[PDB]
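Shown here is one chain on its own, the form deposited in one PDB entry, set out as structure tokens.
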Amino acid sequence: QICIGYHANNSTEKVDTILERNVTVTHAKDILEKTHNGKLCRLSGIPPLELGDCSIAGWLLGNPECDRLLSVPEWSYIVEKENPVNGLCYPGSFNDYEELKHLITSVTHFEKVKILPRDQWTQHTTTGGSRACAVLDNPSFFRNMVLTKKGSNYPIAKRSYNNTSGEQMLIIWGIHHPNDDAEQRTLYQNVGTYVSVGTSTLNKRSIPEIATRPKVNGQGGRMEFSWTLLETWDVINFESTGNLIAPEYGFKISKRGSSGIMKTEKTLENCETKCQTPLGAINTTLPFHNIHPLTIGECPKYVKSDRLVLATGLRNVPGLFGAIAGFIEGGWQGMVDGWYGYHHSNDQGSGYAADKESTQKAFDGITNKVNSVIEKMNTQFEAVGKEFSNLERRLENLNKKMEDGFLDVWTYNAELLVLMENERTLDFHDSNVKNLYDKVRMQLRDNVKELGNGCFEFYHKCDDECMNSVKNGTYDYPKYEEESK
């Protein structure tokens, strides 16, 4: 006789299908990335800027507590602790601050340059500081910033700078808001002052806004900062009748795109990644992951899922077409070089021979299925975490609804795709075995008896040569047409 059979093994891998849960299969492929390396890493060769617990404002203004910082000239993203300790040491605010953060999120070059040496403010006092910025602990001040009356006069404070640096330049300035009209006169002599800044494209003025306020870092006063991007060869003009907090430096900046800020206590560790999360980096070909929604880089789609396992092998039995676990009741652990094949028995022996033709065709098909699911997934650079101020709650919620919206689409589609394709893979195997069975059946015709269990019992002697012809589709029916029926 000769029987048609299929592979079984010792596998305990389970998959789900649209019709059935926890099916054991001989082989399966997990498409959900669940692991990371526990490290903060460089992105495509370039490290993050690490701010420790300094804020971007604290760093750029020169909060004295941010002195021992260490600022690379180039970075691919920014790492901050969740709530930075050192920001505006002299209390106040920073206009369009989240727009500024977004801009410097990834740069190809960054370099501080002295643009308005403080000693050239020759008719104002320049040494003013505050205990709120105290070092050691004498009053001090933002190290990058500088004006009060000299003797008893505050003449117009007017200076300009031409960006001949070769790159666009980031420039910050501020205006001080005193406690009361008496302090206004003490510091700046005149009341009703202004700070004007102008370039070819920016025209901005602030005036002092005096109010009674509780002390913050010991001070009732506030400083309000603003910023601009000065283009190559343009001029910035400062013009103030008082209250100006002038920059001494500006920042040369070249951008190669935008990135984002990552909130984490982790420190850079000298490895390479293409996809960073606050928990660690991911290195994967898989199309989905569930590590963390706030990633930076070229990452798989984040889904709300614990498990996405594609079946690749067949039901492990140690279907639509009725053969596997069907009229062929069980698998063969003894057939090791194929998914499908034969067992024979005659005068010369017995028995297993894998069918390489249908096995290979199936392997190729399932390889294509898997490649299709994984490769079709687009993966461009994105930074998920975003910055919004406390008066942009609606905009932060819009962003959230959008991220939530995409998370629902992808999680549902990923779960359904796996269930549907798993059903079809199981049926594909079932069909391949049925077809191999019928291939034999249709060769033998009435020269053999169809037992009903996968086996054919010949009506003639069928030796090893005969058997081989049955297995490769060249069985000579007329030759044995003598039936003994």
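The numbering used is simple: start at 1 and walk along the sequence shown. We call the rigid core the largest set of C-alpha positions that still match within 1.5 Å between the two forms.
Not pictured, yet referred to below: the form deposited in another entry.
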query	finding
Listed options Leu395, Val336, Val191, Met402; Cα moving by 2 angstroms or more between this form and the one not shown (core superposition)	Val191
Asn378 C-alpha relocation of at least 2 Å between this form and the one not shown, rigid core basis	no
Core-superposed comparison between this form and the one not shown, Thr267 Cα displacement 2 Å or beyond	no
Displaced residue check between this form and the one not shown: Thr212, CA, 2 Å or over, core reference	no
